[PDB]
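Novice: Residue numbers (our numbering), protein chains in the order written: chain A, 46 to 211; chain B, 2 to 290; chain C, 2 to 247; chain D, 224 to 356; chain E, 133 to 285; chain F, 7 to 116; chain G, 167 to 461; chain H, 32 to 179.
Ideal placement from N, C-alpha and C gives every residue a C-beta, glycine not left out.
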Amino acid sequence: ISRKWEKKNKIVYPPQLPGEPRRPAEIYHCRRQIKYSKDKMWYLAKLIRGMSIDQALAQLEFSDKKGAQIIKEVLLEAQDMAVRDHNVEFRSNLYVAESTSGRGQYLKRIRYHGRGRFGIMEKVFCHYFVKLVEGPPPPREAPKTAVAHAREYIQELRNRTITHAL
Amino acid sequence: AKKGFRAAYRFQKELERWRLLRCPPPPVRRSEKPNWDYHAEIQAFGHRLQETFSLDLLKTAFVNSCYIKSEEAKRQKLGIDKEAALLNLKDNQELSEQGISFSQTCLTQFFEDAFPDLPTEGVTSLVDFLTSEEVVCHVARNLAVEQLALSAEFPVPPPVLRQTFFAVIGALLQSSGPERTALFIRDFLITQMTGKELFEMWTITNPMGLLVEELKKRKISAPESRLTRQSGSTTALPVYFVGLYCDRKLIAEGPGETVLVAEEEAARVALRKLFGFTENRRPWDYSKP
Amino acid sequence: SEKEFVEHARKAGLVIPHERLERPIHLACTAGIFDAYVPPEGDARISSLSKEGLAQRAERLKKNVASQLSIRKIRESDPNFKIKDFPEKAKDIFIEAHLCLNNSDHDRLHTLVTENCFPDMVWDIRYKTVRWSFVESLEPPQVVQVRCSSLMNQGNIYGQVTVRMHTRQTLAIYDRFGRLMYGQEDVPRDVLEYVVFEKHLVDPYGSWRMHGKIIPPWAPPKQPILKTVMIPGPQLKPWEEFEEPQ
Amino acid sequence: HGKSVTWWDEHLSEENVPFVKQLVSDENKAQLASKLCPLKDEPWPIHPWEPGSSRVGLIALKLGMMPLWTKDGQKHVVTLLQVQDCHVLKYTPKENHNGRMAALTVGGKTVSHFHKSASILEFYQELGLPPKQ
Amino acid sequence: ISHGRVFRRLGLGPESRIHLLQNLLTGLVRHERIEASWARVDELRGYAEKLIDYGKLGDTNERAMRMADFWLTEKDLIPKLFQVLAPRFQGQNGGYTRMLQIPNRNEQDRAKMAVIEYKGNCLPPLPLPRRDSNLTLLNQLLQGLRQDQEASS
Amino acid sequence: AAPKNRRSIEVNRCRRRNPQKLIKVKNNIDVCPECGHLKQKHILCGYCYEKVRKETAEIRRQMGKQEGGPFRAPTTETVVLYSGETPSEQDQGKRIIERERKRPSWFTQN
Amino acid sequence: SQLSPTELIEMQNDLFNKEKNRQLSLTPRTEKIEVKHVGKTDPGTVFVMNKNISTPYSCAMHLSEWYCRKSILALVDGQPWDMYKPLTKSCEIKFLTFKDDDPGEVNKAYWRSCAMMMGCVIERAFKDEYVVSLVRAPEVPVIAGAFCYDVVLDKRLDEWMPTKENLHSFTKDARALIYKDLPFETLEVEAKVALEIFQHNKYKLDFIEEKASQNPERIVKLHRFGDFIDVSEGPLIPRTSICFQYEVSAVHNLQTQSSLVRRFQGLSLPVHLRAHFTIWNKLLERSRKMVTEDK
Amino acid sequence: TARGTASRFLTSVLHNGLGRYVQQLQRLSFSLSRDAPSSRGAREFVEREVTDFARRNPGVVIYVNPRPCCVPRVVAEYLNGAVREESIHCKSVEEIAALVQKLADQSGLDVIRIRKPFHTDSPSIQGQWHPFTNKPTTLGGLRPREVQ
Ligand SMILES: [Mg+2]
Ligand SMILES: [Mg+2]
Ligand SMILES: [Mg+2]
Ligand SMILES: [Mg+2]
Ligand SMILES: [Zn+2]
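(1) Report yes if the C-beta of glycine 143 of chain E is less than 8 Å from at least one heavy atom of ligand 4; otherwise report no.
(2) For a contact defined as C-beta to C-beta under 9 Å, what are the partners of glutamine 104 of chain A on chain F?
(3) Is it a yes or a no for the region 293-302 of chain G touching the region 345-365 of chain G, going by three-plus beta-carbon pairs under 8 Å?
(4) Taking 8 Å as the line, does the beta carbon of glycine 161 of chain A fall inside it for any heavy atom of ligand 1?
(5) Using CA coordinates, which residue listed in H/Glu177, H/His150, H/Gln54 is at the minimum distance from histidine 209 of chain A?
(6) Can you find a C-beta in chain F that's less than 9 Å from the C-beta of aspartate 208 of chain G?
(7) Using a beta-carbon distance below 9 Å, is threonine 444 of chain G in contact with chain D?
(8) Got a sec: which bits of the region 287-314 of chain D sit with their beta carbon under 8 Å from any beta carbon on chain G, in order along the chain?
(9) Does the beta carbon of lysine 346 of chain G sit closer than 9 Å to a beta carbon anywhere in chain D?
(10) How many angstroms separate the CA atom of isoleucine 216 of chain C from the CA atom of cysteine 225 of chain G?
(11) Report yes if the C-beta distance between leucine 239 of chain G and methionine 227 of chain G is below 9 Å; otherwise report no.
(12) Identify every residue that forms a DSSP beta bridge with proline 97 of chain H.
(13) Flag this pair as yes or no: are the beta carbons of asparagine 239 of chain D and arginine 262 of chain E separated by less than 9 Å?
(14) With 9 Å set as the bound, which would you pick, yes or no: does the beta-carbon of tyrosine 88 of chain A sit closer than that to a beta-carbon of chain F?
(15) Run down chain A in chain order and give the residues with a C-beta less than 9 Å from the C-beta of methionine 215 of chain G.
(16) Report yes if the C-beta distance between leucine 153 of chain E and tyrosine 179 of chain E is below 9 Å; otherwise report no.
(17) DSSP state of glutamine 236 of chain C, grouped into three classes?
(18) Is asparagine 419 of chain G helix, strand or coil when you go by DSSP?
(19) So the candidates are G/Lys448, G/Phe443, G/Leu439, G/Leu433; which of them puts its Cα closest to the Cα of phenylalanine 336 of chain G?
(20) On the CB-based measure, 16 or more other CB atoms within 10 Å of its CB, does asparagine 93 of chain B come out buried or exposed?
(21) Tell me which residue opens and which closes the beta strand (DSSP E) that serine 208 of chain C is part of.
(22) If I follow the unbroken beta strand (DSSP E) through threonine 315 of chain D, where does it start and stop?
(23) I need the straight-line Cα distance from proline 404 of chain G to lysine 202 of chain G, nearest angstrom please.
(24) Tell me which residue opens and which closes the beta strand (DSSP E) that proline 290 of chain D is part of.
(25) Check distances from the C-beta atoms of the region 247-278 of chain G to those of chain E and list, in chain order, the residues that come in under 9 Å.
(26) If you count every other CB in all the chains shown that lies within 10 Å of the CB of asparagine 204 of chain A, and 16 or more means buried, which is it?
(27) Assuming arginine 172 of chain E contacts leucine 142 of chain E under a Cβ cut-off of 8 Å, what Cβ separation, rounded to an integer in Å, is found between them?
(28) Applying a beta-carbon distance threshold of less than 8 Å, which residues of chain A neighbour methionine 182 of chain C?
(29) Can you list, in chain order, the stretches of the alpha helix (DSSP H) that have 4 or more residues and sit fully within the region 318-384 of chain G?
(30) To be precise: take each residue of the region 225-238 of chain C, compare its Cβ to all Cβ atoms of chain G, and keep it if any distance is under 7 Å. Which residues remain?
(31) Give a single yes or no on whether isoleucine 165 of chain A has its beta carbon closer than 8 Å to a heavy atom of ligand 7.
(32) When DSSP builds the beta bridges, which residues end up paired with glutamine 143 of chain C?
(33) In whole angstroms, give me the CA-to-CA distance for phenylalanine 364 of chain G and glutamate 305 of chain G.
(34) Hey, quick one: how far does the beta strand (DSSP E) through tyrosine 140 of chain A stretch, first residue to last?
(35) Can you list, in chain order, the residues of its chain whose CB lies under 8 Å from that of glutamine 104 of chain A, leaving out five sequence neighbours each side?
(36) How is the beta strand (DSSP E) around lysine 200 of chain C delimited, first residue to last?
What follows is the structure in structure tokens.
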């Protein structure tokens, strides 16, 4: 096994020279060897990306997936870690930087079939990773306006060259 | 397990490579690296440029204020006695001033002689450009001046490098005549003007006005913008060719997306013909008189 | 098809193997401070007066029976011992220990400070950055009292010396992201600390160490934090109604 | 911004709901009975009948079916179609639509205001009818 | 094709459905408030409304009695229907029942849940949804319109 | 019928990261004016409904103590009371449940 | 005094910044005040805050984003506080919402804010050649079908009343104002340095004089958003973004003996309360009628 | 392969050979073993050739390090900043000489595919074709069906 994500919270930065912009907090946290599947977990973890932490808690609160409550618990833990251990005012000020599902170590079992054949079955486990960053949520990108597409096209026609030409 | 040193060692090399790929090390002076002899370096500089310097004057030329103040930090923090031998160092300030003054004079003369029709504002703009931060730093760093320069903060911020380059010029001006140094300048500076435009380095914002003034000076009257060629007006990509006429003769002409853009172009073209900064123009002379 | 996981870690305190220890735990120090000197309540207004403070301090030192009984036990067990030299050494121990917290060097910090002190001064601060400087000592370090604990089991004696000291210090604590947390680096702030020292006597290697730090009940409220802090009300289950005291 | 979903009813008190309903229904009565007199308003010029001509249609409502008899004795079955509120809504000229025949847009029975869209409600607002299904 | 089918299929068949609603009804008449599968509660609500109208028909009506006999399973309840429930609904024609959606069941089957109730029961009141007050900004803007529908009449 | 070739990871990402298989964001969530927890707008508040549920259970327990057996249910209406209360003239002639707790804030006297 | 339109803006903003930095300098340290929470929701909660720095908005942030978005006004003790107005002493706090049971306080605030917005929209919507004097924002009850702002205009402009085009332009500009989200900022000032801000508007100086007259310490209440500053009675809503539906309904010329004053009426609703298209049209129709309460 | 690797246009460093020619190779560092056989050629080269090489090229500084290594290398280093590594391991004197020459005459630019064999600033003297260059102009400059 490999446990890295945990140690990401043990990093110490050099103090900030005055006049430099204030560095936003980062909190890495995870839960290992959950009895959920990795994929079913992925949908959930995907849902809450880039949401402000309260928004994610609200969304998870009402989902019916078994994983919803796991993730929620991990988020509360991470929030309290962020205010207690790292120094963060305004526990509402976190947004979800990274949310993802890794695969755990699987158990292996028999699945009985008929005519004495068998399949080989896997009791599945998974990991849930999260990384919380201090600040408002970064703005969701608007699709390209007609103006943007037109500029790009024009710029392209203008990048043309006489080819194999000299 | 597999028994051998070889693959293990060879892999140690891969490990080091990845280590350097994920965290690049901050750039280090060539002087603090394994093979260095400052003296031999200096001599080689001179020989490779095909010039002859006084080694005292060059060694002087690569010295800077900052190197001396940092050396005084190391002097004062350890309680050492330096002052006589350290303040004997004779920095490059003087040399750099002679260098820049002479180079600006030289250049100005070169252009003034080559482009008789360039307005003084123009030739000024040109000398300004070839003496710029960008150009001089590029050339200096490619001649291994950054290598030899004595300075704090290894990337050697651009003002220090301009200082040091022209320091070397001045050192050359003492070491050899203004003739020799004029040749060096026309070889390592003027060549950066290759491929470049006029209005690439001049930056003037109203071509039409400037054209009208220059034509007052030439005793020609009223450039009239007259539309020559066009394709599609209703398109999202039109092309206009605007001509400029003086007494119904055509002086110059240009393309554009919009009739305004194109008119402005025809102005720039006309300007470029008048001033004799042109594509067809005689390429520069590199020769030994 | 049959394999299971292993490694569910647990901590089980159980008195039986704890008793069966064949080499009983050897302590360099004792966790408590036997007798805590409780200082004058006007000790702020007698500090600006030199020969008031000095007089009453030296007086209370010479006048006390317990004080000179313990000083006699230390002098008789440990020759070439002097009380008039000691606040110098103590003040030096201080300055080195805290300059150890700056650099975060724990090895030297285990020679200087005691086993009871180390958890305290190191623990919370290990993921942060500390910058601590010594600028002035306003009133030269005073020796308030001396005490001895006689363990009849070991025949072991621990000399405990309380040095009251008044100081000028600059403390800045930075957060693990390098952003300032506690206090400025430019303010030479004035402190008053009652610093307990300890030494093992029967021990041949006989280190003088910094045992503990006593804060008086009237001590000036420490400078305020930078960040805002919230204190939640009692967490309520559904059927439990809230009750407000006045 | 996470702006929440909302319907017409949501923020009204128990007091104001009957009020709003009255408001809407009453203005529906007014509006329908106002356009009740077509010929005295500004009728578009009436033309006589040309041979290849074609009339406007209707939007009706299927009621049910009924038997009906003919004088020869035979039985028929018929469908009742009730016309409820039927108005011509807009007019697209001949050259703007098929290049052959003009287009009249006819509305069907009245529906609630609250469950249509801003666009459509604007279209009827400038007309002065209530929304058609 | 399901067109105009009023009753939903539950249980092991039509009969099993009736017996399901039997138990639910009995439960409702005894405890006066129960919670079940939103669909089953919805299905029940009709019968729970009509039972009260058979109770209104009186003890002496035979039809109402063998009706309440079949539907109320624990026979002890049959008096309570006639002598408690049916009397306390007199004025109101249809208003007997309140049915609300509860949050989804906390068990892993995560069902859709409803609470169903006989009005005027003696229990802590459900946290019903309240309409907005009249003091609310938008409603205050409507009150203006109202008072000008009075002033212009 | 057996798959003729392994499906590539690109294809499979296309299938399962499709918008239609993604969890869709619920926009009807709000706060309960009472306890300040979360609820969907068309559904009762879970928390408040839990208070009510507990109290209901207690009342039913104590009205199970008044009934000596399974089949005895009163032929009269009932009323529930709390510490420091007495049956009104309108409320007398009814089954009385007496509870120890003080009458809850949400629960009115009626 | 010879001054451009932009110079007035510059002077006023620089004065405001001077004053704000003076109030900042008045507080030497980071002082800790203990706020308590009297709200129906999370009782016993205690915030430990920075005196004259921390605001009731910065207070909500310790709870959850939910307060942050839902809370328009902050009741401190018995008084309404603007969400960004820094807390002075230790106290108790309750938060106030649009869908709350006795919203009246909030309603008032909302109305005021909208009025002020319109004011801005008006002052900058006229040609430099003319002279636009904002008068005041008369405080109407909200049962009155609109909110309004009093404005006097250049004498040569006295003959025209606007066209639906112009009104719709005002509206477009107000919506332009909403789109970019500007916090409403508050400052408490002494009349001496208050009058120096406004100057050229006479009516403003009169208003300031009365407003300061009824208060013992000569305190005037200033609000500002973006580059626009105005004096007003009572607190305002925290953000510009709070408004969703907004209209400048119609104007009405009303004349004293000594002045000719135009009254601009407009109507708006917050995102929280937003009303259906039909409902909106009816309210909009009532908002066209003259609304008179000055007393 | 060409789609596989990077590429560059044909260039000179600092317009070399325009004004004057500057030998681009700056310094040369040898590392060899006095003892080990692998370095044999490299030793002979250092004996006979290096000296003469150093006279033939005044502008390059040559650092020779005897050290205990198994694999003799030569590190060429250029004005360009470019550093090119080579192994003289187990070669003749002749081979090494040829190699050191290649190093001497290289530009220090990266060796990759070169997109085209020529490089011109201002290829275009006397014009550059555009759709109108060969078209005749008409009277009034009217379009095809335009009337006046
Ligand atoms: Mg078998
Ligand atoms: Mg398989
Ligand atoms: Mg498998
Ligand atoms: Mg079934
Ligand atoms: Zn609730």
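Specialist: So, from the data block:
(1) yes
(2) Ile29, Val31, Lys32, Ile35
(3) no
(4) yes
(5) H/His150
(6) yes
(7) yes
(8) none
(9) no
(10) 33 Å
(11) no
(12) H/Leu63
(13) no
(14) yes
(15) Ordered by position in chain A, no residue passes the 9 Å Cβ test against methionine 215 of chain G, which lies about 10 Å from the chain.
(16) yes
(17) coil
(18) strand
(19) G/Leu433
(20) buried
(21) No beta strand (DSSP E) contains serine 208 of chain C, which DSSP labels as neither H nor E.
(22) 310-315
(23) 21 Å
(24) 283-292
(25) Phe264, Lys265, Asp266, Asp267, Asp268, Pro269, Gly270, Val272, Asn273, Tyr276, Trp277
(26) exposed
(27) 6 Å
(28) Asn132
(29) 330-345, 357-364, 368-379
(30) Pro225, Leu227, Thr229, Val230, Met231, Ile232, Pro233, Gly234, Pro235
(31) As presented, the structure is devoid of ligand 7, carrying ligand 1, ligand 2, ligand 3, ligand 4 and ligand 5 as its sole ligands.
(32) C/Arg165
(33) 21 Å
(34) 139-148
(35) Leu92, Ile93, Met96
(36) 190-201
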